[PDB]
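Enquirer: You'll find work-v9.pdb just under this line, and it carries PDB, C-alpha atoms.
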ATOM      1  CA  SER Y   1      44.707  68.595 -77.089  1.00  0.00           C
ATOM      2  CA  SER Y   2      45.406  69.451 -73.450  1.00  0.00           C
ATOM      3  CA  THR Y   3      48.639  71.416 -73.741  1.00  0.00           C
ATOM      4  CA  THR Y   4      49.288  74.551 -71.698  1.00  0.00           C
ATOM      5  CA  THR Y   5      47.534  77.916 -71.819  1.00  0.00           C
ATOM      6  CA  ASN Y   6      49.277  80.660 -73.804  1.00  0.00           C
ATOM      7  CA  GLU Y   7      49.733  82.364 -70.427  1.00  0.00           C
ATOM      8  CA  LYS Y   8      53.307  82.000 -69.175  1.00  0.00           C
ATOM      9  CA  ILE Y   9      52.840  84.253 -66.152  1.00  0.00           C
ATOM     10  CA  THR Y  10      49.952  84.336 -63.672  1.00  0.00           C
ATOM     11  CA  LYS Y  11      50.305  87.532 -61.637  1.00  0.00           C
ATOM     12  CA  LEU Y  12      48.279  89.029 -64.488  1.00  0.00           C
ATOM     13  CA  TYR Y  13      44.873  87.762 -63.281  1.00  0.00           C
ATOM     14  CA  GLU Y  14      45.512  89.699 -60.059  1.00  0.00           C
ATOM     15  CA  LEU Y  15      47.098  93.147 -60.008  1.00  0.00           C
ATOM     16  CA  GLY Y  16      45.272  94.570 -57.005  1.00  0.00           C
ATOM     17  CA  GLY Y  17      43.878  93.079 -53.818  1.00  0.00           C
ATOM     18  CA  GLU Y  18      46.178  90.060 -53.685  1.00  0.00           C
ATOM     19  CA  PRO Y  19      49.708  91.418 -52.985  1.00  0.00           C
ATOM     20  CA  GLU Y  20      50.597  88.319 -50.969  1.00  0.00           C
ATOM     21  CA  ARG Y  21      49.520  85.784 -53.585  1.00  0.00           C
ATOM     22  CA  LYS Y  22      50.726  87.884 -56.522  1.00  0.00           C
ATOM     23  CA  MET Y  23      54.136  87.919 -54.857  1.00  0.00           C
ATOM     24  CA  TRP Y  24      54.344  84.188 -54.162  1.00  0.00           C
ATOM     25  CA  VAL Y  25      52.965  83.534 -57.631  1.00  0.00           C
ATOM     26  CA  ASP Y  26      55.505  85.928 -59.143  1.00  0.00           C
ATOM     27  CA  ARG Y  27      58.251  84.143 -57.225  1.00  0.00           C
ATOM     28  CA  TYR Y  28      57.049  80.772 -58.463  1.00  0.00           C
ATOM     29  CA  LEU Y  29      57.488  82.064 -62.007  1.00  0.00           C
ATOM     30  CA  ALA Y  30      60.862  83.572 -61.168  1.00  0.00           C
ATOM     31  CA  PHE Y  31      61.619  80.125 -59.778  1.00  0.00           C
ATOM     32  CA  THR Y  32      60.833  78.330 -63.035  1.00  0.00           C
ATOM     33  CA  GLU Y  33      62.997  80.799 -64.954  1.00  0.00           C
ATOM     34  CA  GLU Y  34      65.719  80.475 -62.322  1.00  0.00           C
ATOM     35  CA  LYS Y  35      66.563  76.911 -63.357  1.00  0.00           C
ATOM     36  CA  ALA Y  36      65.581  77.663 -66.956  1.00  0.00           C
ATOM     37  CA  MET Y  37      63.042  74.872 -66.468  1.00  0.00           C
ATOM     38  CA  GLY Y  38      60.778  76.690 -68.900  1.00  0.00           C
ATOM     39  CA  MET Y  39      60.772  80.351 -69.888  1.00  0.00           C
ATOM     40  CA  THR Y  40      57.394  79.546 -71.439  1.00  0.00           C
ATOM     41  CA  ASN Y  41      54.035  78.442 -70.030  1.00  0.00           C
ATOM     42  CA  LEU Y  42      54.223  75.086 -68.254  1.00  0.00           C
ATOM     43  CA  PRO Y  43      52.070  74.962 -65.043  1.00  0.00           C
ATOM     44  CA  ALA Y  44      49.012  75.919 -67.109  1.00  0.00           C
ATOM     45  CA  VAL Y  45      45.900  73.765 -67.508  1.00  0.00           C
ATOM     46  CA  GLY Y  46      43.420  73.169 -70.320  1.00  0.00           C
ATOM     47  CA  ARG Y  47      41.273  76.303 -70.136  1.00  0.00           C
ATOM     48  CA  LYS Y  48      42.438  78.919 -67.619  1.00  0.00           C
ATOM     49  CA  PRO Y  49      46.206  79.426 -66.987  1.00  0.00           C
ATOM     50  CA  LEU Y  50      47.821  78.473 -63.656  1.00  0.00           C
ATOM     51  CA  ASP Y  51      45.047  79.671 -61.338  1.00  0.00           C
ATOM     52  CA  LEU Y  52      47.426  79.064 -58.431  1.00  0.00           C
ATOM     53  CA  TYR Y  53      45.366  81.371 -56.213  1.00  0.00           C
ATOM     54  CA  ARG Y  54      42.104  79.602 -57.027  1.00  0.00           C
ATOM     55  CA  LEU Y  55      43.954  76.305 -56.631  1.00  0.00           C
ATOM     56  CA  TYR Y  56      45.484  77.408 -53.332  1.00  0.00           C
ATOM     57  CA  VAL Y  57      42.129  78.323 -51.818  1.00  0.00           C
ATOM     58  CA  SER Y  58      40.601  75.154 -53.252  1.00  0.00           C
ATOM     59  CA  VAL Y  59      43.344  72.830 -52.010  1.00  0.00           C
ATOM     60  CA  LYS Y  60      42.935  74.272 -48.513  1.00  0.00           C
ATOM     61  CA  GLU Y  61      39.193  73.613 -48.543  1.00  0.00           C
ATOM     62  CA  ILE Y  62      39.901  70.200 -50.044  1.00  0.00           C
ATOM     63  CA  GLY Y  63      41.693  69.152 -46.874  1.00  0.00           C
ATOM     64  CA  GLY Y  64      45.368  69.569 -47.684  1.00  0.00           C
ATOM     65  CA  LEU Y  65      48.094  68.264 -49.983  1.00  0.00           C
ATOM     66  CA  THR Y  66      47.771  64.653 -48.833  1.00  0.00           C
ATOM     67  CA  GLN Y  67      44.029  64.671 -49.487  1.00  0.00           C
ATOM     68  CA  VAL Y  68      44.572  65.519 -53.153  1.00  0.00           C
ATOM     69  CA  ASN Y  69      46.666  62.349 -53.356  1.00  0.00           C
ATOM     70  CA  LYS Y  70      44.126  59.734 -52.238  1.00  0.00           C
ATOM     71  CA  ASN Y  71      40.756  61.499 -52.025  1.00  0.00           C
ATOM     72  CA  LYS Y  72      40.270  61.695 -55.799  1.00  0.00           C
ATOM     73  CA  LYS Y  73      40.346  65.466 -55.380  1.00  0.00           C
ATOM     74  CA  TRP Y  74      42.319  65.733 -58.623  1.00  0.00           C
ATOM     75  CA  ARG Y  75      39.043  65.542 -60.520  1.00  0.00           C
ATOM     76  CA  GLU Y  76      37.443  67.880 -57.985  1.00  0.00           C
ATOM     77  CA  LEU Y  77      39.874  70.774 -58.399  1.00  0.00           C
ATOM     78  CA  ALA Y  78      39.726  70.009 -62.113  1.00  0.00           C
ATOM     79  CA  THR Y  79      35.975  70.597 -62.050  1.00  0.00           C
ATOM     80  CA  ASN Y  80      36.357  73.679 -59.856  1.00  0.00           C
ATOM     81  CA  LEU Y  81      38.619  75.330 -62.429  1.00  0.00           C
ATOM     82  CA  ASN Y  82      36.655  73.944 -65.390  1.00  0.00           C
ATOM     83  CA  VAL Y  83      39.086  71.814 -67.396  1.00  0.00           C
ATOM     84  CA  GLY Y  84      37.141  68.715 -68.411  1.00  0.00           C
ATOM     85  CA  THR Y  85      36.254  66.504 -65.433  1.00  0.00           C
ATOM     86  CA  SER Y  86      36.082  63.667 -67.972  1.00  0.00           C
ATOM     87  CA  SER Y  87      39.054  61.422 -67.200  1.00  0.00           C
ATOM     88  CA  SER Y  88      42.326  62.698 -68.645  1.00  0.00           C
ATOM     89  CA  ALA Y  89      41.464  66.018 -67.022  1.00  0.00           C
ATOM     90  CA  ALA Y  90      42.010  64.534 -63.570  1.00  0.00           C
ATOM     91  CA  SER Y  91      45.319  62.913 -64.500  1.00  0.00           C
ATOM     92  CA  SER Y  92      46.439  66.101 -66.235  1.00  0.00           C
ATOM     93  CA  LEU Y  93      45.362  68.355 -63.379  1.00  0.00           C
ATOM     94  CA  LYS Y  94      47.073  65.871 -61.073  1.00  0.00           C
ATOM     95  CA  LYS Y  95      50.464  66.450 -62.672  1.00  0.00           C
ATOM     96  CA  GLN Y  96      49.703  70.156 -63.074  1.00  0.00           C
ATOM     97  CA  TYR Y  97      48.710  70.395 -59.416  1.00  0.00           C
ATOM     98  CA  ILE Y  98      51.980  68.882 -58.225  1.00  0.00           C
ATOM     99  CA  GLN Y  99      53.886  70.887 -60.826  1.00  0.00           C
ATOM    100  CA  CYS Y 100      52.338  74.130 -59.570  1.00  0.00           C
ATOM    101  CA  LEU Y 101      52.437  73.368 -55.848  1.00  0.00           C
ATOM    102  CA  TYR Y 102      54.411  70.521 -54.210  1.00  0.00           C
ATOM    103  CA  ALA Y 103      57.743  72.368 -54.107  1.00  0.00           C
ATOM    104  CA  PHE Y 104      55.657  75.489 -53.661  1.00  0.00           C
ATOM    105  CA  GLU Y 105      53.646  73.722 -50.961  1.00  0.00           C
ATOM    106  CA  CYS Y 106      56.778  73.811 -48.819  1.00  0.00           C
ATOM    107  CA  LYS Y 107      57.388  77.333 -50.099  1.00  0.00           C
ATOM    108  CA  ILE Y 108      53.986  78.411 -48.784  1.00  0.00           C
ATOM    109  CA  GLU Y 109      53.521  76.410 -45.579  1.00  0.00           C
ATOM    110  CA  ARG Y 110      56.960  75.357 -44.324  1.00  0.00           C
ATOM    111  CA  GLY Y 111      58.765  78.437 -43.073  1.00  0.00           C
ATOM    112  CA  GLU Y 112      56.291  80.724 -44.783  1.00  0.00           C
ATOM    113  CA  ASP Y 113      54.004  80.135 -41.870  1.00  0.00           C
ATOM    114  CA  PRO Y 114      54.731  83.149 -39.618  1.00  0.00           C
ATOM    115  CA  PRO Y 115      58.177  82.168 -38.281  1.00  0.00           C
ATOM    116  CA  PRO Y 116      56.956  80.522 -35.051  1.00  0.00           C
ATOM    117  CA  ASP Y 117      59.955  81.890 -33.255  1.00  0.00           C
ATOM    118  CA  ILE Y 118      61.478  79.304 -35.528  1.00  0.00           C
ATOM    119  CA  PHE Y 119      65.000  80.047 -34.396  1.00  0.00           C
ATOM    120  CA  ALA Y 120      63.694  83.570 -34.726  1.00  0.00           C
TER     121      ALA Y 120
END
Show how you would write the structure in this file as C-alpha coordinates.
Expert:
Amino acid sequence: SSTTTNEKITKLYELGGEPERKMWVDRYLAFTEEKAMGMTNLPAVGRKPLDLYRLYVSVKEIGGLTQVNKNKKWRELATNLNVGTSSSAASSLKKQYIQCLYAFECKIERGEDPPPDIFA
(Lines of atoms letter the chains of each structure in order from A and count residues from 1; the text may use other names and numbers.)
(Lines give C-alpha, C1' and ligand atoms only; values in the text may rest on other atoms or scores of the structure.)
Protein backbone atom coordinates (compact mmCIF):
# COMPACT_ATOMS: atom_id res chain seq x y z
CA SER A 1 0.00 0.00 0.00
CA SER A 2 0.92 3.69 -0.11
CA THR A 3 1.94 4.32 3.49
CA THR A 4 4.95 6.46 4.39
CA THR A 5 8.63 5.85 3.73
CA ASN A 6 10.66 4.44 6.63
CA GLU A 7 12.44 7.81 6.59
CA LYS A 8 11.25 10.02 9.45
CA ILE A 9 13.78 12.78 8.82
CA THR A 10 14.81 14.35 5.50
CA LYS A 11 17.95 16.40 6.15
CA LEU A 12 19.70 13.09 5.46
CA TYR A 13 19.46 13.28 1.65
CA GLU A 14 21.41 16.55 1.89
CA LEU A 15 24.31 17.05 4.28
CA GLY A 16 26.40 19.41 2.17
CA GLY A 17 25.58 22.08 -0.39
CA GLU A 18 22.08 22.86 0.87
CA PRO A 19 22.51 24.53 4.31
CA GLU A 20 19.46 26.71 3.73
CA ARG A 21 17.10 23.90 2.76
CA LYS A 22 18.57 21.42 5.24
CA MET A 23 17.84 23.98 7.95
CA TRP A 24 14.25 24.71 6.93
CA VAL A 25 13.71 20.99 6.42
CA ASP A 26 15.23 20.26 9.83
CA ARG A 27 12.94 22.88 11.35
CA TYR A 28 9.92 21.35 9.66
CA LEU A 29 10.77 18.08 11.38
CA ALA A 30 11.40 19.83 14.68
CA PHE A 31 8.00 21.38 14.05
CA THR A 32 6.22 18.04 13.72
CA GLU A 33 7.88 16.81 16.92
CA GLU A 34 7.06 20.10 18.62
CA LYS A 35 3.33 19.35 18.71
CA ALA A 36 4.03 15.62 18.99
CA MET A 37 2.05 15.37 15.75
CA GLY A 38 4.21 12.40 14.82
CA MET A 39 7.65 11.44 16.08
CA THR A 40 7.64 9.00 13.17
CA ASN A 41 7.57 9.40 9.38
CA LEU A 42 4.43 11.16 8.15
CA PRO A 43 5.13 13.63 5.26
CA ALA A 44 6.69 10.79 3.26
CA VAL A 45 5.40 9.53 -0.09
CA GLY A 46 5.26 6.13 -1.78
CA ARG A 47 8.86 5.70 -2.95
CA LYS A 48 11.26 8.44 -1.84
CA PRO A 49 10.81 10.11 1.60
CA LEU A 50 9.73 13.76 1.93
CA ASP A 51 11.79 15.20 -0.94
CA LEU A 52 10.81 18.66 0.30
CA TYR A 53 13.74 20.21 -1.57
CA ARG A 54 12.83 18.50 -4.84
CA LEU A 55 9.20 19.41 -4.15
CA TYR A 56 10.12 23.00 -3.33
CA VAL A 57 12.00 23.51 -6.59
CA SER A 58 9.24 21.70 -8.47
CA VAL A 59 6.38 23.67 -6.91
CA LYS A 60 8.15 26.91 -7.85
CA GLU A 61 8.49 25.82 -11.47
CA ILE A 62 4.91 24.58 -11.35
CA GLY A 63 3.67 28.13 -10.84
CA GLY A 64 3.05 28.39 -7.12
CA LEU A 65 0.90 26.96 -4.33
CA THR A 66 -2.40 27.97 -5.93
CA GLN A 67 -1.45 26.29 -9.20
CA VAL A 68 -1.06 22.92 -7.47
CA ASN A 69 -4.68 23.32 -6.35
CA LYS A 70 -6.44 23.68 -9.72
CA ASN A 71 -3.84 22.93 -12.40
CA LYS A 72 -3.82 19.17 -11.77
CA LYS A 73 -0.18 19.59 -10.78
CA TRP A 74 -0.69 17.04 -8.01
CA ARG A 75 -0.16 14.29 -10.56
CA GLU A 76 2.70 16.27 -12.09
CA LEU A 77 4.82 16.56 -8.94
CA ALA A 78 3.83 12.96 -8.28
CA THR A 79 5.39 11.96 -11.60
CA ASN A 80 8.42 14.17 -11.00
CA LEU A 81 9.22 12.34 -7.76
CA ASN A 82 8.17 8.94 -9.14
CA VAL A 83 5.32 7.71 -6.94
CA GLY A 84 2.78 6.19 -9.31
CA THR A 85 1.11 8.79 -11.54
CA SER A 86 -1.77 6.31 -11.78
CA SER A 87 -4.65 7.89 -9.87
CA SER A 88 -4.39 7.43 -6.11
CA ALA A 89 -0.84 8.74 -6.43
CA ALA A 90 -2.15 12.21 -7.27
CA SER A 91 -4.65 12.25 -4.41
CA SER A 92 -2.01 10.90 -2.04
CA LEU A 93 0.66 13.34 -3.19
CA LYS A 94 -2.00 16.03 -2.92
CA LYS A 95 -2.45 15.46 0.81
CA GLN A 96 1.28 14.86 1.23
CA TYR A 97 2.05 18.08 -0.62
CA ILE A 98 -0.17 20.15 1.66
CA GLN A 99 1.06 18.19 4.68
CA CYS A 100 4.68 18.96 3.79
CA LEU A 101 4.21 22.56 2.66
CA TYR A 102 1.08 24.69 3.26
CA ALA A 103 1.99 25.73 6.81
CA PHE A 104 5.58 25.57 5.62
CA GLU A 105 4.62 27.59 2.55
CA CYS A 106 4.05 30.53 4.88
CA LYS A 107 7.17 29.47 6.76
CA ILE A 108 9.21 29.77 3.55
CA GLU A 109 7.65 32.71 1.71
CA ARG A 110 5.84 34.89 4.25
CA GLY A 111 8.42 36.60 6.42
CA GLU A 112 11.14 34.26 5.23
CA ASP A 113 11.40 36.41 2.16
CA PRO A 114 14.28 38.77 3.05
CA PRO A 115 12.54 41.03 5.60
CA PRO A 116 11.52 43.78 3.14
CA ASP A 117 12.19 46.35 5.79
CA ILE A 118 9.13 44.60 7.11
CA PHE A 119 9.01 46.68 10.25
CA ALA A 120 12.71 46.00 10.10
Enquirer: Expand the PyMOL selection byres ((chain Y and resi 14-26) around 10) into the explicit residue set it covers here, and present it as a PyMOL selection string.
Expert: chain Y and resi 9-13+27-31+50-53+56+100+104+107-108
Enquirer: I need the residue nearest residue 96 of chain Y from this list: Y:8, Y:70, Y:35, Y:3. Use all atoms listed in the file for the distance.
Expert: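 Using all atoms listed in the file, residue 96 of chain Y sits closest to Y:3.
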Enquirer: For atom CA of residue 33 of chain Y and atom CA of residue 4 of chain Y, quote the distance in Å rounded to one decimal.
Expert: 16.5 Å
Enquirer: With distances taken over only C-alpha atoms, which of Y:81, Y:39, Y:76, Y:69 is nearest to residue 54 of chain Y?
Expert: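 Under the stated criterion, the closest residue is Y:81.
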Enquirer: I need the residue nearest residue 82 of chain Y from this list: Y:49, Y:62, Y:99, Y:106. Use all atoms listed in the file for the distance.
Expert: Y:49
Enquirer: For residue 80 of chain Y, which residue among Y:44, Y:93, Y:37, Y:103 is the nearest when counting only C-alpha atoms?
Expert: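 So, comparing all the options, the nearest one is Y:93.
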Enquirer: For each of Y:32, Y:101, Y:46, Y:63, take the minimum atom-to-atom distance to residue 89 of chain Y, counting only C-alpha atoms, then give the residue where this is smallest.
Expert: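 Closest to residue 89 of chain Y of all the choices is Y:46.
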Enquirer: Please, what distance in Å, to one decimal, runs between atom CA of residue 64 of chain Y and atom CA of residue 79 of chain Y?
Expert: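 Separation between atom CA of residue 64 of chain Y and atom CA of residue 79 of chain Y: 17.2 Å.
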Enquirer: Out of Y:59, Y:78, Y:120, Y:65, which residue has the shortest atom-to-atom distance to residue 102 of chain Y when counting only C-alpha atoms?
Expert: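 The answer is Y:65, which sits nearest to residue 102 of chain Y.
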